[PDB]
Structure formats: structure tokens, C-alpha cells
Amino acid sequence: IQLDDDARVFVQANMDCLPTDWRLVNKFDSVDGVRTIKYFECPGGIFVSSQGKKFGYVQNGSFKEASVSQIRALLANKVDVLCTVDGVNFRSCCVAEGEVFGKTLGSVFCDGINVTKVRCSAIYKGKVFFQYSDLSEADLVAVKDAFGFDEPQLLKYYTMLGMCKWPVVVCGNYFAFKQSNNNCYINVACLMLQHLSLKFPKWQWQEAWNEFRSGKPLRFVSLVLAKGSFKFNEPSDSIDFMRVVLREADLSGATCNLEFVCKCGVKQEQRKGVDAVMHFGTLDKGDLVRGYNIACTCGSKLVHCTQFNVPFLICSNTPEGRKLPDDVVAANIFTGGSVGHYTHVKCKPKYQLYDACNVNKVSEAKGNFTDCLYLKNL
């Protein structure tokens, strides 16, 4: 015949199999004077047709040339979806069935999955679609309000959401991440965060945290990796991850009084929030009260905490072998060597080692500990 490849495909496909809503025409007509072959009749008074080799449709009395995709879209049931950039304001949009979402929506995620190249279907009806390309200044304001991100951070977030497909499994009363991409610093950090009650002012963070608490941490993890300077597949410190998390949380009630003494002189401060609950340079809470030394330009500062008003404490240090202080609830261990694996112990009632996705009663654990969590006697 003389039809275009696509058009030939479409026309002779639905020839040896004429669909339900249709009707075989197969006739000649004179539309706007021009000889036109009408192939089929479709709902809405549309006749899929050809003016020789040009392809299209007749509606009312006019012929319009159109791609097989445009026709296929015109005949299809439209699906309505909710588009947003921040998960706070939404607009309903229609997308042709069988068509690719990306065409009309730009880059999009749905339920944590990139669907920029998925083909539309009634299953997506009423689903939320997150857009993130071609963002106006208003959009970026919205994003800064709901995510606390700028544009590069947002793009990083969707990138991580794409790449971080780590299975998460149940281990006793906790969850843990299958090991890959040097993710154990994330694993032990989250094992520690699972003991904590937190709320987050920014909506996307609170929502992600709710999923986290219900055993679905990947979204939240992706937010954290986006907020910080973490690189996929690159090992980092558990304490950094925890710090980013806690910097995002509402810890306004948490304070403590600190005193420093060194050659530079004498300083007294009240630290608030994350600064009140995270401490570096000792693993022992008791040292915070009795005083301990950290390194400084002048050599070494003496550090003393005189007042605590905190929901919990995390004391961290460069990895060291030592007997665990008496009140520790959970701890991170950095086991060096060539690479550098992280594992985690919980102390009560059973002293237990969490390593990837296994749990075993501890027989002997000498170190090297890097983070200790305290919930009582503060």
C-alpha cells in the first residue's frame, strides 16, 4: 500500500482485529473536496482516515493529519493524576492512557519510583506525581519550605531515591539494610535512630520519618544523603549521617551547659538542640560530668558539662577499645583493616551484635567503639 510505516502498522493491526468501541468503514468520501479513505469509526464521531498517504482523522467535516500516537491518545480514556513539587499543593492533570508520563509531565516520581518512562494506566488514577524539572522561583520556594532543599539538593534527592534500592529486613524488633555500596554506616546509624522519638518541622521529613518508623526507611535515607555531602558508594562516618538527621529534627527543648578551659582561655556556653545531644571526644557520659580533654590549637582543652536538659545523649569518639560505660543503650563499632566495616551492639536486656542482618548474643566485644547512645540518667 502507500501508508506511512506507523500508520500502516496501526491501520492494518486493527483490521484483522477490529476493537470493541469501533466499526469498519472501509469507504471513500470527499472531505473538503479532497478524496479521503475512511478506515474506521470511533467514539466521538472520529473517523481514522487517509488522504492518500497523509494520515489522520475526520471530525465533523474537517481532516486533521496526526501521528498514530495522537490518535491513539484521542481515543483512549484519560487518566487523572495529582502533580506536585512539594506534597503540599497538588494539581489534577490528565494523561492519555498508554502514553508515557514524561511526555506531558517532565521528570516524575510516583510512590518512590521514577515513572518518567512508564506508560500510563488506570492503576495510576489519583496517584501523586512528584515533578522536579523546569522549576520556577515559586516552585523552589515551595521546595525550600517542604524539603529544606535548593535545586541541586532536590536533584540529588531524586538521584538517591533512584539508586538506593537496598532491601530492608526485620531483625528482632528492628530493621536492617542488606549490605552493599558501603552502606553499613547508614545501617548502624539507622539502628541507633530506631531508639529515638523525633519530630521534624519540615513536612517531607516528618512524612519520611513516619515511613521510617513503620519499617520503610529508604525515602528518609535518601533525604539525608541529599541534605549532606554523601556520595553514593563511598564510605562515610555513621556520626555524620546521625548529625544530619538530628540537625533536621525539632530538639528545641534540649539544652546543656558546657565549660571549656585551655590556653586560649575560658568559655561557658549553653548549647541547644543537636549541639546539646551530640558530644565528641569521649564515649562515656560520666566523663562529661567529671571533665575530659579534647584537642585544640593550643594543645588540649578541658571540657566539662555542668547541666543537662536532654531527651538522650550520643557520645562519639575516634574508634577505641574500652569497656562499655555502664549506662550505654546501643553502640557503633568500627572494625578497621583493609576496608572498614561498621557493626552495632544493643545492650539491654541482652547484649547483642547486629551485623548486616544478623543478630547474635555477644560473647566478647572489646571495641573499637565510636558512638554510644544514652537514654537514662542524664
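Start at 1 with the first residue shown and count on from there.
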Given 135 to 143 and 223 to 231, the range whose Cα B-factors average higher in the PDB entry: 135 to 143
54 to 62 versus 317 to 325 - greater average Cα B-factor per the deposited record: 54 to 62
Identity of residue with top Cα B-factor, from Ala295, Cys110, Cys171, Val266: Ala295
C-alpha B-factor winner, where the candidates are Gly286, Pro152, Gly162, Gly299: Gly299
Within-chain third of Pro201 by Cα B-factor, per the entry: middle
Third of the chain, ranked by Cα B-factor, where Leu375 sits: middle
Among modelled residues of the same chain, the CA temperature factor third for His304: middle
Within-chain third of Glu248 by Cα B-factor, per the entry: lowest
Chain thirds of CA B-factor: placement of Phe28: highest
